[PDB]
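The chain below stands alone and is given in structure tokens; this is the form deposited in one PDB entry.
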């Protein structure tokens, strides 16, 4: 792919990203001052496990749905057979959700933006997932240290999804090519901005995968104990994770 194609791919990917973000980043930064009372905290901490899970589960569900809309706008994704779109999304939608979190994370006070204000991990205590939730906070913190631009997150998460080494693909070669193109675009943009050095500092893909595995497993257990009701946007994908 030539320079102009690459530039068009970067612009396209970053526009798709911005347009499939729940909240714009300026909002998240405006509100880092708006922090939860200890009264508001204990309020959340005195919530029942189920009502808290319902909140978080619906929040996370909505997030996955924005990520699916992002994928559907990646050049070439819609041209993929339904099987492969499910393979890519089953594996990666939640990996992207986990990456997108670093936006709502404030490494200064170690808090995250949740339901209108910032709170520490203490806020989710009623779920009793301290291990998992501590891990997630560690990951966001780790991503914070890289000071991603919005453009970098867009290209990085595009590559999290468009990965040709996911088990199950049938058009593996078509994915390899969309991936190659996204890698040229990511690398170009990083060079352009003197940020090429972050490539070696990105999370090892294994760490992202395994963390996503822990997280989804836990969520599936909770979905078993206490099903929330989902109006699904990609039914063949929903059926692949909720059954």
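Residue numbers count along the first chain shown, from 1. Shifts are known only where both forms have a C-alpha. Rigid core: the largest C-alpha set superposing within 1.5 Å between the two forms.
Beyond what is shown, the protein has a form deposited with a small molecule bound; the following relates to that form.
The contact residue chosen from 169, 160, 112, 154 relative to the small molecule in the deposited bound form is 112, the criterion being a non-hydrogen atom within 4.5 angstroms. Of the residues given (38, 30, 59, 46), 59 alone sits with a heavy atom within 4.5 Å of the small molecule in the deposited bound form. Contact check for residue 104: a heavy atom falls within 4.5 Å of the small molecule in the deposited bound form. At the 4.5 Å threshold, heavy atoms of residue 186 stay clear of the small molecule in the deposited bound form, well away from it.
Contact check for residue 16: every heavy atom lies farther than 4.5 Å from the small molecule in the deposited bound form. With a 4.5 Å cutoff on heavy atoms, residue 127 counts as touching the small molecule in the deposited bound form. Relative to the superposed rigid core, the position of the CA of residue 20 differs between this form and the one not shown by less than 2 Å. The pair residue 237 and residue 179 is at least 3 angstroms farther apart at the CA level in the deposited bound form than in the present model. Wider separation of the C-alpha atoms of residue 161 and residue 232, by 3 angstroms or more, is seen in the deposited bound form than in the present form. Shifted regions between this form and the one not shown (core-superposed; runs of 3+ residues, all CA displacements of 2 Å or more, residues common to both forms): 1 to 4, 216 to 243.
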